[PDB]
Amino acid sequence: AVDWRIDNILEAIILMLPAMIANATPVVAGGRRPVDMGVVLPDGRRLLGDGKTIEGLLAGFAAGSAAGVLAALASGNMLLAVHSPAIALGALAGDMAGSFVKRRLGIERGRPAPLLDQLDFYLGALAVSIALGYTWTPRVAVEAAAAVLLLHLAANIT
């Protein structure tokens, strides 16, 4: 069950799974057309870099929308099918905002920014869910962030 007060970790995980899926899909869908059209800024660095492709955004968005159907059916909350596309967009925007910040700091495309690399999409998606009218408790907002960390390190321990 998902209501407007996100106050347990399973409910956060249901709400956020479209974002997680939107964030993870571009690594398999590939892509080769950069969102930033290859633009370099006056600091010598790409605006976003090659890691952000238009095929990535579309597959991520498509995947997040499809997952929100599953979130809506699993939870009985049909609003999840309407909200999950917007949340997917926030996840995708936050991942790009993180790449933007890495480039401005001189961090080359692909080099690790620990914490930021794992949480940027979560923070964009979280921001959108709040713009949509959801209230998070701070504890469950922290737990979900740590659950994102645990699964990323869970993805790499396998």
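From 1 onward, residues are counted along the sequence shown.
Higher mean Cα B-factor in the deposited model: 30-38 or 60-68? Stretch with the greater average CA B-factor: 30-38.
Higher average CA B factor in the deposited record is what I'm after, so tell me if that's 128-136 or 48-56. The deposited B-factors put 48-56 ahead on the C-alpha mean.
Please place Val148 in the lowest, middle or highest third of its chain according to the CA B-factor in the PDB entry. Tercile = highest for this residue's CA B-factor.
Lowest, middle or highest third - CA B-factor, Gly94: It falls in the bottom third of the chain.
Once the chain's modelled residues are ordered by C-alpha B factor and cut into thirds, is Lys102 in the lowest, middle or highest one? Tercile = lowest for this residue's CA B-factor.
Ranking the modelled residues of this chain by C-alpha B-factor as given in the entry, is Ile14 in the lowest, middle or highest third? Its C-alpha B-factor belongs to the lowest third of this chain's values.
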